[PDB]
């Protein structure tokens, strides 16, 4: 494969997987979480999950970023989030970082509710 092909493969997998409800979302254990107009994808988790169905992580991530689907807000490409075990943002949490992607790059106007577990900082 090549940076272009690998990019397209990863984005095709993520996008069509979320669209077909084939990639877990919005769960205490998911790498993908919907939030306030955006899809949060945690890294490296979302690339490891790609890899599992298809260093290597470095390649896919570089190829993905070259496509410019992710939100970049005044130079910032990564957001931190707290992932809680309990809905309503409490108890044990894990701190995560990853990309925000505008809902409409993935989803008709036809999507799941927001995550009960993830809080974006």
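Positions refer to the first chain, counted from 1.
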- Query: Does the entry skip any residues of the deposited sequence between residue 107 and residue 108, and if so, is it 1 to 3, 4 to 9, or 10 or more, or none at all?
  - Reply: 1 to 3
- If the chain runs straight from residue 54 to residue 55, say none; otherwise bin the unmodelled deposited residues as 1 to 3, 4 to 9, or 10 or more. 10 or more
- The third of the chain into which the C-alpha temperature factor of residue 35 falls is the highest
- Message: Lowest, middle or highest third: which one holds residue 27 when the chain's residues are ordered by CA B-factor from the entry?
- Response: highest
- What third of its chain's C-alpha B-factors does residue 21 belong to: lowest, middle or highest? highest
- Could you say whether, by C-alpha temperature factor, residue 94 belongs to the lowest, middle or highest third of its chain? middle
- Message: Quick check for you: using the entry's CA B-factors within this chain, is residue 103 in the lowest, middle or highest third?
- Response: highest
